[PDB]
Structures are given as structure tokens and as C-alpha cells.
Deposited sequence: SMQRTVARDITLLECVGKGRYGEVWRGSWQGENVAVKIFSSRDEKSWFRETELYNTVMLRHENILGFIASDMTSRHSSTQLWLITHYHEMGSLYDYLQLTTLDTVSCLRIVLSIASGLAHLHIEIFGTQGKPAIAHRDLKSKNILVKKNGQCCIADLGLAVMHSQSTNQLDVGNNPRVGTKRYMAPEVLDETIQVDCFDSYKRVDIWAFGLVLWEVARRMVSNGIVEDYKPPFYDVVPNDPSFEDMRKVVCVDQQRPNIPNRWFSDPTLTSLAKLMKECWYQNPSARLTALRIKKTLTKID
């Protein structure tokens, strides 16, 4: 049984469209890529060829298709469906307790360490577009990382780095200093891992804002909401992150709560301008495993 029914559109953007569909009686997600993003479709397909990519905290792959008649091409990705939506959606109108906040951020750290660490198989993988819209929320209170169209792969045993062919760049709001100032070392796998760590720290901040302590919580805001225009340009982000050396502010109410005090320390160790000073994904996972 291969047939799918497209039932409702759950997202439309420059990327294309995502539909809730039905397959063998179950919900699936069907992404139809824009022509503009054909190189993301092919990269995501290369990544999902890897059987040992499968993980609790990585969006589950069902199929990939490229179809054509005459001069028209359609590009399809079929995945598991998460009806709670993205972490971005979820944080807009839910607050968290300690247990839920740590479960979410540990699950994302678990997914990211699974990507970064080679299995001897699954190459080491850097994502390059980590953000709260690219994380889905699951009914077990864990999350899974989505969108491997920009990913970079590295194999330690063979000294092979595969940066793919995709002129797409990461989401501007989440770009590390070395991406915004274009000094990143493009032939260095560790450089791409460190870009993911920066973005992870931003997602940690977005989540922690929504965790209640002492009867107080912050409203959902995206990273740098206070310092850049709506719909910030590459140069807008370069100004605040590289010129102004801005980092997200830590609300002072966090310092009364031991959990949020520990999280503030962790996100600050994701945000050093020196990429080599940043924590590893494995260290973040070990730190979050110890925090309560």
C-alpha cells in the first residue's frame, strides 16, 4: 500500500507546503517543495538514505519522491505527522513547569548529539538550520528535529567532508556570528557543529522564557525580538550579533530558580564569539541530564 490522501494544508511558505495526509489509515505529513528549494529536497533525501539516522528525537522518514511529466517536476517528502505542531507554535500559548521544560530541552539535546556523533553506520551530521519552527512537539512531551535540507556530513574513518550543493543559508535570526560575518571556515566540520550549538542556545532561551517560576513567566518572543526589525535582514542580524555583540537578555527572575539559573549558565556557554569555546552537544546533553 503506497497511496496517500492529502487532507489539509498545515503550512505554506517560501519552502513550499506541508499537508496532513492519510497513509495505511494513519496521519502522515507530506511536504511539497518549492522549485526554489530543489537542492534542499535532494540533500534531505541523501540524509534519510542513512538507516542509522532513525532516532526518537529526529523526524521519522517514510518516503521521498521526485515526479515529472513534460516540463513540470514535483518534489515530495513523506514523514511522521506530529499534530501538536512545532515548538514555535506550542510555546505561543502554553507555559511549562520544570519537568516539561527539562524534558523538551533534553530531548532536543539528545537529537542534536545523535546528529553530531558518528556511528561506525551514520556519518557525523551538522544541521545548519536549527530553530524552534524546525522542532516538532510529540504527545510524550519530547521533541524531534526536522529539516535536514542544509545538513553537512563528515566521516572520521575516511576523512570525508560532504558539504553538499545548496546555496540556501540558515534562518537569519539564528545565524552564529561567524555565519553573519562570513568568516566561518567552510572546509572544517567542527565549524558547522559550533553553528548548531549557537542556534541551540537560542532555542534554550526561547523555551526557558516559558517556564514558570515563583508565579512569573515571560511572553513568547523570538531571539533578538527587541533589537532588530520585524523580518530582519542578514545585515540587520550582523549589526546586532557582530557589531553590537548582543546576546539575548537573561530575565532577572531566573536567578531565584535553580533550574533556570543552570539553564542561563548553559545557554551563555553556547554563545561565545569564539566558536571553539562553545560546549559540545554531548556535554549539553550530560549537563541537562544532571539538572532538575
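- Residues of the deposited sequence with no modelled C-alpha atom fall in the ranges 1-6, 127-129.
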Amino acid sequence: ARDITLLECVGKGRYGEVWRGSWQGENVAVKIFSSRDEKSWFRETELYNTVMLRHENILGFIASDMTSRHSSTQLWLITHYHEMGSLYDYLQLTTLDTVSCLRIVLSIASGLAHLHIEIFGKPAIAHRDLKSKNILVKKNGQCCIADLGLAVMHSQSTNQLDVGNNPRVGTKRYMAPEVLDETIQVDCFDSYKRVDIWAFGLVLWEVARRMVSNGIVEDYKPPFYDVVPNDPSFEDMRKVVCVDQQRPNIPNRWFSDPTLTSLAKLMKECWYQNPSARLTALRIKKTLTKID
From here on, numbers count along this sequence of modelled residues.
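Rigid core (definition): largest C-alpha set, two forms, superposition within 1.5 Å.
- RMS Cα deviation from the shown model in 6 other deposited structures of this protein, rigid core fit, is larger for 72-80 than for the other stretch of the pair 72-80 / 192-200.
- With 253-261 and 48-56 as candidates, the stretch whose CA atoms show the greater average offset from this form in 6 other deposited structures of this protein after a core fit is 48-56.
- Among the other PDB entries of this protein that were compared and that flank it with modelled residues, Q156 is left unmodelled in a third or more.
- Modelled in this chain, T95 is likewise built in all the other compared entries whose models extend past it on both sides, so a third of them omitting it does not occur.
- When the mean C-alpha temperature factors of 184-192 and 125-133 are read from the deposited coordinates, 184-192 comes out higher.
- For the segment pair 46-54 and 23-31, the entry gives 23-31 the higher mean B-factor, averaged over Cα atoms.
- Of the candidates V163, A113, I197, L87, the PDB record gives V163 the highest C-alpha temperature factor.
- Of the candidates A208, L93, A109, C144, the one whose C-alpha carries the top B factor in the deposited record is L93.
- In the deposited entry, the Cα temperature factor of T79 places it in the lowest third of its chain's modelled residues.
- Split the chain's modelled residues into thirds by C-alpha temperature factor. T171 is in the lowest one.
- Ranked by Cα temperature factor within the chain, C9 sits in the highest third according to the deposited record.
- The deposited CA B-factor of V243 belongs to the highest third of values across its chain.
- Residue-level temperature factors show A281 in the middle third of its chain, judged at the C-alpha atom.
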